[PDB]
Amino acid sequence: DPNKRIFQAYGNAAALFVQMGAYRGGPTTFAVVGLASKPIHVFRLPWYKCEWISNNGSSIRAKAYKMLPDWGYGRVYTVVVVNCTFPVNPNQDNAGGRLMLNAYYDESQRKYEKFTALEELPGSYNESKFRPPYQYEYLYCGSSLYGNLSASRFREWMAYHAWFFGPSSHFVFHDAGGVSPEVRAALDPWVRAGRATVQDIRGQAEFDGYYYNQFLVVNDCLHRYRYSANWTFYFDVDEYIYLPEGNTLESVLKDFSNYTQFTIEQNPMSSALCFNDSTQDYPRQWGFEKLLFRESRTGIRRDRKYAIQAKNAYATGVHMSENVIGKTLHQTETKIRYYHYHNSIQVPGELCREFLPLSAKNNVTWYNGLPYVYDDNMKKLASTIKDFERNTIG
């Protein structure tokens, strides 16, 4: 009795699997996006198995594999995309069923977790969703927004990009606390117009600090709207897509047709450098109308953003996808870029804070040990965007 030793475990320092979303990505294939506890030492094979349980008890086994697109180190959890693919539509009949997932600890699979990842009710399967035409031409997948964010910037970003991507475009935001009541009011005209979706992901709080927030959202957004549009764009609300003179959005995407994804080089802008000029009413100018100074360094590599055809994507990361079918284009510099106003969206008050002489229009200005040049490309569109906003939401 006393020599019958017992090992009493307490607490749960890491779940095996945390599901954020589960989506059908075609007549034949599904994706489960979430978090996983990585194995240590013990060999884990398989990580998962997928089954479809039709509503009359019959089960069809699926070919399952996973992708771990985040850094892989430094956090309790790693973002995981579980790809379940069947030989035929397991719900071809449309009688309904359930995609079930098995999650394993080690190859000595005594213990495992089985759960329903999603249910399709009888008659709800709809093959016309994976056939053209799709809901939108373009879809913006937003980052996870947290902190003290400026409503005025959201107002200006939405107006600019609602114009940039045209009427057949939708915008998906992920609210992790950053969407203030004031930011929400800025998005409200577009929400009410059916153009913007604001997802509440404030329930992620109990996991904050235990995984990489941006890698989860990009992959969930990738599969939640996999067939909603033809091109999914990934960038932040302090970043503005721009087409150099002599290009349309349809022109550039047509030149990029035969590529599954393409990257977009950055035009880094100062969020503080403005002209010393009592002529200008900076409190009444928009961000990209005021911040006209671009860091001028040549031949230095900077962070990039990207657009992707989710049809041919299985997972993705923050700056591009590593899990696609098809080619990847990077030579995009002459035809599409994005202006980046770093550390602008969290700034209260006037963004204009370091004021330069009018001499700086034609000379190189040194600020924070970096060279800058005048660039008014975006300021030239401020008038066009403001009319568009008035003509679209009043």
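One rule holds for the numbers: they count along the sequence shown, beginning at 1.
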Average Cα temperature factor in the PDB entry - higher stretch of 138 to 146, 295 to 303:
295 to 303
Averaging only over Cα atoms, indicate whether 257 to 265 or 74 to 82 has the higher B-factor in the PDB entry.
257 to 265
Would you mind finding, among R155, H319, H170, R284, the residue with the largest C-alpha temperature factor in the entry?
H319
For the listed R44, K327, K49, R337, which has the peak Cα B-factor recorded in the PDB entry?
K327
Taking the C-alpha B-factors as the PDB entry records them, is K111 in the lowest, middle or highest third of its chain?
highest
Would you mind checking where the Cα B-factor of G96 ranks among the modelled residues of its chain, as the lowest, middle or highest third?
middle
Comparing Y105 with the other modelled residues of its chain, is its CA B-factor in the lowest, middle or highest third?
middle
Within this chain's modelled residues, let me know which third the CA B factor of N126 belongs to: lowest, middle or highest.
highest
Place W190 in the lowest, middle or highest third of its chain's C-alpha B-factors, as listed in the PDB entry.
highest
